[PDB]
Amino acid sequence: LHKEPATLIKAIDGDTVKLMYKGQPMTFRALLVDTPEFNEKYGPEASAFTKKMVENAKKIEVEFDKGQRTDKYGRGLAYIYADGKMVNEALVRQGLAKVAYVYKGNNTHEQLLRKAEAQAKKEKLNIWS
């Protein structure tokens, strides 16, 4: 896989963000995770966590996996990086997302994110408390 440049347009919630990619606005949905919706427990915290991560970043990148790059809602499906740190992994490590939506061919970082979930769980963090 390889990282490509993108620019923040707007935070949306824990696992979606609006980014300018190859000069076009698109909503990106974070691969391999699921944050609570804003109306659910930890949802506001998930939203706040991702917002700080992307808004503070001097550099956002997106990394597509090997399979589909758009979901059925027209959202980009990627791993999203903020100054080199993967949002997807960071959410999971903080117990603010579960590993989820693991589809064949788009699962390159599955074991990485699983390892993070295991540690969040060990630490009884947030969703796991």
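Position 1 is the first residue in the sequence shown; the rest follow in order.
Look at the mean CA B-factor for 26-34 and for 61-69 in the entry; the higher one is 61-69. Relative to its counterpart among 101-109 and 6-14, 101-109 has the higher mean temperature factor, C-alpha atoms as listed in the PDB entry. For residue 75, the recorded CA B-factor ranks within the lowest third of the chain. Only modelled residues enter the ranking. Annotation for residue 81: CA B-factor lies in the lowest third of the chain's modelled residues. The deposited CA B-factor of residue 116 belongs to the middle third of values across its chain.
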